[PDB]
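In: Please find the sequence and an experimentally derived structure below.
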Number of protein chains: 6
Amino acid sequence: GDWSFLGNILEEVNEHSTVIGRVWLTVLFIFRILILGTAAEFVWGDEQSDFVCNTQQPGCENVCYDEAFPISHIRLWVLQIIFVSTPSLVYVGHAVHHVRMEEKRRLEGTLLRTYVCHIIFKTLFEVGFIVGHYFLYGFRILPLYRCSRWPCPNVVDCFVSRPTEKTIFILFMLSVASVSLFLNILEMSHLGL
Amino acid sequence: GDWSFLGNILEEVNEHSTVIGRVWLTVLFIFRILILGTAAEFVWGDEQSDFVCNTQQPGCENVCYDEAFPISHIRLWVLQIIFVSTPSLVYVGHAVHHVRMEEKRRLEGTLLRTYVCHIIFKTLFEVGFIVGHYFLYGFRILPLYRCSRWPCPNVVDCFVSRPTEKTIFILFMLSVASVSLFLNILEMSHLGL
Amino acid sequence: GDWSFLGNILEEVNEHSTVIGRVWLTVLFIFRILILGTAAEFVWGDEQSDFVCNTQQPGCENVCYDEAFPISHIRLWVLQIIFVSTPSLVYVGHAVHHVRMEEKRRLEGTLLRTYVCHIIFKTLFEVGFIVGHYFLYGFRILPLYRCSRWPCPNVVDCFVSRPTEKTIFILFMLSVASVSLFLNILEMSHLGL
Amino acid sequence: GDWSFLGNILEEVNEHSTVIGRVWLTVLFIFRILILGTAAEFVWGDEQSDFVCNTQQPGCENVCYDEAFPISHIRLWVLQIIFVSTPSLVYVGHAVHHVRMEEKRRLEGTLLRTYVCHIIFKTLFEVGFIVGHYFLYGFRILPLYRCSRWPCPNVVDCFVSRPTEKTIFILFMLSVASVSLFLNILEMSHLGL
Amino acid sequence: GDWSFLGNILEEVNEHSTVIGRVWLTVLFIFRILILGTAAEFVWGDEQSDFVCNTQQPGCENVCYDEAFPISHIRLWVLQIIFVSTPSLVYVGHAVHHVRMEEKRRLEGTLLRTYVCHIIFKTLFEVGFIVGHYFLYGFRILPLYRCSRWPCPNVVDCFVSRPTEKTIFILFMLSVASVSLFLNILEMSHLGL
Amino acid sequence: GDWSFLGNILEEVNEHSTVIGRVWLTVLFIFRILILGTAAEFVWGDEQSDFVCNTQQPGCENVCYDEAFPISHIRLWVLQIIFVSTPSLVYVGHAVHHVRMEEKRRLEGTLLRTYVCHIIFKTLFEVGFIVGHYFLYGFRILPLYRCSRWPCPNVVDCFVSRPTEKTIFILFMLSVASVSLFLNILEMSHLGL
């Protein structure tokens, strides 16, 4: 997809942020969005097309693929990016609002609170998405999925496409998110000092 | 699709709008257009291709898919975006017209009325599209669709692609639209004060 | 497709036009080109691929699809856009020519005539395309097409893809074109006064 | 394909050209490149995929499609555009060369000759491509192609995809090219006066 | 593919080059890259998909297609473009280096040598790629390919997609490369004088 | 994929780097990213679709393709590019930080250390990816892959798509990486002097 607008706003943010914050935005762009667009999206391109179940029951493949993957990982990661970005948008909006107010007439006591809260919310969203991914899928995609969802007769064997590659990228994204967390915590500590 | 032109005009609007209004435009861009383009459009990509009916009647799949999905959700959402955007275009056009008039020779009594009416119309279109979606599809896509449309013999079983993921995104868009409504109402209240 | 160049010229026109004219160009961009690119083109994407005829005669599907859809609606609409845009290009060219002439050495008596004629021609092309669409396809796409074109033996039953959605968008475009006509007529009246 | 670079150069040309010449470049952009990119290329998208021959001889479809369409119309039109554009590039290069020469130290006697010759060559290339198209394909694509090319046993019947639509666009392009010719001739006459 | 970056650098080169050199870069852009992107890449799009062998041996089509086309022509041409472009990059880098050196503190004796060597290397790479193409594929793609590569039993008949069109474009590219050579030689002669 | 953002940052780096460093960035752009996007990605486009195994066991093709290619080469190369680029981002960030610090109030003793370490890390990542590729795949892709992974009965024969072309590009990328190493070493030596 096209991320140009979000990139515009976030680049604008870069100016109004801590050094750790600029590192965080660089990470967001390079190791999440770029990889999604150029590496991961191709990996999941044939997720359902090459999902194959050992049966001749009509509709069994559509229901078994939907059971194994209620939301695809790539879409989960899209949502994750958007939600961890939103607070930064809030903060830069507050900043530009104060700027226009001063013109009509940096991290002051008024902004500081908003900035800290935005770091806090980035952290909360990151942790939430990581936990949700863990419970939904674990962190490994196994090649065999056994499904007993109607209309499938008894339990059928279905086989996932590219399970090892998908696992590699799952773990890669997990690590990127953990790095984001570390950065957020160090930024809170730096402000504290 | 390419939304660049609409984005140009709406970015122009951002200047001539209330703080709540700028939040609303940010929402429009990030949580509706971006998601459509990068997440939802892939979800619905194989909507008809992976729609499968248990029959060997020719033409039964084309007529049963058309019965279940008279308009696809993604196209409904496109139309929604365009129609909720139009009033903002009207208002910014009025603004630039007054600007050129003054040059030849902010929210004044002349504009205020137009602005309030444009908020009102955004609200009406949002509510209308939400209601229309509810009656057309409810808010859950079930995996099994039973169809009795000619040429299908008797009632046939057809199976939808990615029903759970489509449901997730349906609800997501519903929530985004509700947030838009709340923003519009708070903007009317703010003007009232 | 890529409409960037036409958009450049037409944006240039926006300056040299009446307020109604700027509304007309806004409509052209938002409700015709954007929709084509992001909504309609996907609807017609599988027009022939999912066109299915009840026969085992080779070549019957290629000849029956060509009979039902001699020109696809999307291409008809492309041509329509281009032809209703051309006169505006003529007028802005005349304007820039007079500008360069004056530099070497707004709606004057010389331009006024050209402007009125360009409105007239926009109107004629719009009416012509609407009428042509009516005679070629009516304004509803029915699900069943019966074809007796060689090599098909006797009359065969063919089934169209996405007939209801295609009908929705057909009517939508009809309405957009009618709005364009109303705008053109009001612009002629405004000039008359 | 991406025509951006050629568009850059030709837009640069627009300044250094006659009024008829600017009309010609506008035509080139709007009625040839835009249509190719947004209308015609989709029409020919499934040219070979939906080419079907009544046989069960392996390789018969690959050899019969190659016999009927040695070069596809869309690629012929691409080449046409490039070759009718080249002379304009030559002329603008000569112009910028004289400009730099004068700086180191409009249609003069030196340029006039080059300009006239470039018009002449545009005309020659246009006529050549039109004639070549006529002999290669006539100007109508018939639905049935009968092929006797090895490995096909005896004469086989093959059926073309979208013959009527392809015919419509063939004639459209023919008309565009004829308009280009008329423009070139009027430009020569205008210079003559 | 996206050639934007290379285009940036080469456009930068245009300033620092002979008139013949600017012609050469214009050729590179218009008659090699543009054609690849808009004409040739579609021709080779279904190269393997529509490659068909008369056999029911599994794996025979994958091994026979790989034998006939060890590297596809389009990728060969990509590499060719990149390698004939590299020396121009070297030269413009040398130029900007001397510029920065002079600022800290045209074709001089220092640059002249580098320029001549870069022309020489362009020529060598062009000749090498032309010769390599000749030995790898001749200059005509025949419709029938006979393959005896394991697992195929005995010799099997395989049929190429679009052989005549591919031949047309092969010869076209050969001619473009020969024109490049002529330009390089004339540039060396011009410098010599 | 879209590499625009990374390209922005790296172009920014070009200014703050040694001449050898600018050569290295030019290589990165032209011989790694451009080739990936325009040549290699098409080569691997049908990697799994045209992967064929001699069996009628369901799921055997999905598990045998995943065994032969746990990560596809193209994605490996993407990751490689990103990781060899990261240190340059670190260094330019340090540079801009010192710039802003000086404004509030080239290769100095403070920067020199960071620069040398960033060269060192580029080298380490390059060597690591080269070694990892060697152990994962060797440097030749053979046409036949024999797989005994459940559910396949006994050992089955699977046939790779485009093995010779993939081998050519594998070796090409190996050579590009080796050139990068040589450049890094010469840059360390140059600094040492």
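Out: Nice, I can see it. Numbers count the residues shown, from 1 in each chain, chains lettered A, B, ... in the order given.
In: and after the longest helix along chain A, which helix or strand comes next?
Out: Counting by DSSP state H, the longest helix found in chain A is helix A:73-104. Helices and strands here follow DSSP states H and E; after helix A:73-104, the next one along the chain is helix A:109-137.
In: Which strands or helices does the longest helix of chain A pack on?
Out: Helix A:73-104 is packed against helix A:4-15, helix A:109-137, helix A:163-192, helix B:19-27, helix B:34-35, helix B:41-43, helix B:163-192, with contacts defined by 3 or more Cβ pairs under 8 Å, 6 or more residues apart in numbering or on different chains; DSSP states H and E. To be clear about C-beta, it is placed using only N, CA and C from the backbone, and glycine gets the same treatment.
In: Could you rerun that using 7 Å?
Out: Other elements packing on helix A:73-104 under the criterion 3 or more Cβ pairs under 7 Å, 6 or more residues apart in numbering or on different chains; DSSP states H and E are helix A:4-15, helix A:109-137, helix B:19-27.
In: Which residue does chain A have closest to chain B?
Out: Of the residues in chain A, the one nearest chain B is residue A:1, at a distance of 2.2 Å by Cβ to the nearest Cβ.
In: What is the burial count for the residue nearest to that residue when sequence neighbours are not counted?
Out: Using Cβ to Cβ, 6 or more residues apart in numbering or on different chains and skipping residues adjacent in sequence, the residue nearest residue A:1 is residue B:38, 2.2 Å away. Other residues lying near residue B:38 total 22 when counted by other Cβ atoms under 10 Å in any protein chain shown.
In: what about residue A:8, how many residues close to it?
Out: As a burial measure, residue A:8 scores 13 neighbours (other Cβ under 10 Å).
In: any idea how far chain C is from the residue of chain A positioned farthest from its centre?
Out: In chain A, residue A:105 marks the outermost C-alpha relative to the chain mean, sitting 41.1 Å out by Cα atoms, centre = their mean. Residue A:105 is 35 Å from chain C, where distance means Cβ to the nearest Cβ, to the nearest Å.
In: Next up, the contacts around residue A:126.
Out: By Cβ atoms under 7 Å, 6 or more residues apart in numbering or on different chains, the contact set of residue A:126 is A:84, A:177, A:180-181.
In: Highest neighbour count among the residues you listed?
Out: Across the contacts of residue A:126, the neighbour count under other Cβ under 10 Å reaches its highest value at residue A:84, namely 23 neighbours.
In: Would you confirm that that one contacts residue A:125?
Out: Yes. Residue A:84 sits in contact with residue A:125 when judged by Cβ atoms under 7 Å, with a separation of 5.0 Å.
In: Flag every residue of chain A that's near chain B.
Out: Proximity of chain A to chain B is confined to A:1-3, A:5-6, A:48, A:58-59, A:62-63, A:66, A:70-72, A:75, A:78, A:82, A:89, A:93, A:97 under the rule Cβ under 7 Å from any Cβ of the partner chain.
In: Mind checking which of those are buried?
Out: Neighbour counting by 16 or more other Cβ atoms under 10 Å in any protein chain shown classes A:1-3, A:5-6, A:48, A:58-59, A:62-63, A:66, A:71-72, A:75, A:78, A:82, A:89, A:93 among the residues of chain A next to chain B as buried.
In: Might you enumerate the residues of chain A proximal to chain F?
Out: For chain A, the residues in contact with chain F under the definition Cβ under 7 Å from any Cβ are A:7, A:19, A:22, A:26, A:29-31, A:34, A:37-39, A:43, A:46, A:50, A:52, A:54, A:143, A:157, A:159-165, A:168.
In: out of those, which are buried?
Out: Using 16+ other Cβ under 10 Å as the burial test, the residues of chain A next to chain F include A:7, A:22, A:26, A:29-31, A:34, A:37-39, A:43, A:50, A:52, A:143, A:157, A:159-163, A:165, A:168 as buried.
In: Just the closest residue of chain A to chain C, please.
Out: Taking Cβ to the nearest Cβ, chain C has its nearest neighbour within chain A at residue A:2, 11.5 Å off.
In: Just to be sure, that residue is in a helix?
Out: No. Counting by DSSP: H, G, I helix; E, B strand; the rest coil, residue A:2 falls outside a helix, being coil.
In: quick one: it and residue B:39 touch, right?
Out: No. Applying Cβ under 7 Å as the test, residue A:2 and residue B:39 come out as separate, 11.8 Å apart.
In: what about residue A:117, distance to residue E:71?
Out: Using Cβ to Cβ, to the nearest Å, one gets 57 Å for the distance from residue A:117 to residue E:71.
In: Contacts only, for residue A:19.
Out: When the contact criterion is Cβ under 7 Å, 6+ apart, the partners of residue A:19 are residue F:97.
In: how near is it to residue C:68?
Out: With the distance defined as Cβ to Cβ, residue A:19 ends up 64 Å from residue C:68.
In: And residue A:79, by the same measure?
Out: With distances defined as Cβ to Cβ, the gap from residue A:79 to residue C:68 amounts to 42 Å.
In: Nearest spatial neighbour of the residue of chain A found nearest chain D, chain-adjacent residues omitted?
Out: Across chain A, the shortest distance to chain D (Cβ to the nearest Cβ) belongs to residue A:2, at 16.5 Å. By the measure of Cβ to Cβ, 6+ apart, the closest residue to residue A:2 outside its immediate chain neighbours is residue B:37, 5.5 Å from it.
In: Hmm, the one you found is touching residue A:5, no?
Out: No. Using Cβ under 7 Å as the test, residue B:37 is too far from residue A:5 to be in contact (10.1 Å).
In: Turn the helices and strands packed on helix A:73-104 into a markdown table, columns for distance to residue C:113.
Out: Output for those, formatted as a markdown table (distance: least, Cβ to Cβ, whole Å):
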| stretch | distance to residue C:113 |
| --- | --- |
| helix A:4-15 | 43 |
| helix A:109-137 | 60 |
| helix B:19-27 | 42 |
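In: Most tightly packed of these?
Out: By mean neighbour count, with neighbours taken as mean count of other Cβ atoms under 10 Å in any protein chain shown, helix B:19-27 ranks first of these at a mean of 19.
In: Next, the angle helix A:73-104 makes with that one.
Out: Here helix B:19-27 runs at 150 degrees with respect to helix A:73-104, directions being taken by axes from the mean of the first three to the mean of the last three Cα atoms, to 10 degrees.
In: one step back: surely the residue of chain A closest to chain B and residue B:35 touch.
Out: No. Counting by Cβ under 7 Å, residue A:1 sits too far from residue B:35 to count as a contact (8.4 Å).
In: quick one: contacts for the residue of chain A found nearest chain F?
Out: Distances from chain A to chain F, computed as Cβ to the nearest Cβ, single out residue A:38 as the nearest residue at 2.2 Å. When the contact criterion is Cβ under 7 Å, 6+ apart, the partners of residue A:38 are F:1, F:3, F:78.
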